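Only one chain is given next, in structure tokens, and it is the form deposited in one PDB entry.
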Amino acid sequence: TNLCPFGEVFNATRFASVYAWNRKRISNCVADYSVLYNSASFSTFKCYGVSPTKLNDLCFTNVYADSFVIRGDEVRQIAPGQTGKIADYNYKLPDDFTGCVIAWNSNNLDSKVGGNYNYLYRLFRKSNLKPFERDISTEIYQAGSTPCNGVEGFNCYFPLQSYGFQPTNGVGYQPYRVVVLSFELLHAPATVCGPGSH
């Protein structure tokens, strides 16, 4: 009878940076997805591997709720088979993803006059991330021949960059809050179901 704590994820005052994206495990509850897509407060609401039409009729072993903030025009990358700084170096979905990606513009909350420099993303990495991989290292990135060591220098970049989130930015560069729901259906009894399922 207990409902899933979607409010603890969607209605969270704090959202992590994308490079350090947050994940929460949801289990043993009823996920009334009707409450989600009925709300007109999401700029994007895209499901993969399952029609949203009948979300509330399905069960899953476990559901993971990943959340972070990214640039508005970077919301395109939170999807299977996409490329870019985010998908390559910060948050990667598997090619056969089953779940939904929900986003909404959080300019009124995450921007700042002069700039909110606490939301960072990874600029460089020696190789793309694997799906659902999280890279928080701050070690200097060697872009050239010289093997630099702990000193910012020519072709030796500090791997993270701050978004300059300001209220006045164009819509494309405004902060957006995204929560990825992954529907984990293993070979075990499902512990999260919708309201109108058998």
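Definition used throughout: the rigid core is the maximal C-alpha set that superposes within 1.5 Å between two forms. Residues that one form lacks are left out of the comparison. Sequential numbering from 1, following the sequence displayed.
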Do the C-alpha atoms of 112 to 120 or of 75 to 83 have the higher average B factor in the entry? 112 to 120
Which has higher Cα B-factors on average according to the PDB entry: 148 to 156 or 125 to 133? 148 to 156
Peak C-alpha temperature factor (PDB record), options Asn62, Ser51, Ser67, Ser43: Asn62
Divide the modelled residues of the chain into thirds by Cα B-factor and specify which third, lowest, middle or highest, holds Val9. middle
CA B-factor placement of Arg177, once the chain's modelled residues are sorted into thirds: lowest
Modelled-residue ranking by C-alpha temperature factor, third containing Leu55: middle
Going by the CA temperature factor in the PDB record, which third of the chain does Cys47 belong to: lowest, middle or highest? lowest
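Beyond what is shown, the protein has a form deposited with a partner chain bound; the following relates to that form.
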If I superpose on the rigid core and flag every C-alpha moving 2 Å or more, which consecutive runs of 3+ residues come out between this form and the one not shown, in sequence order? 186 to 188
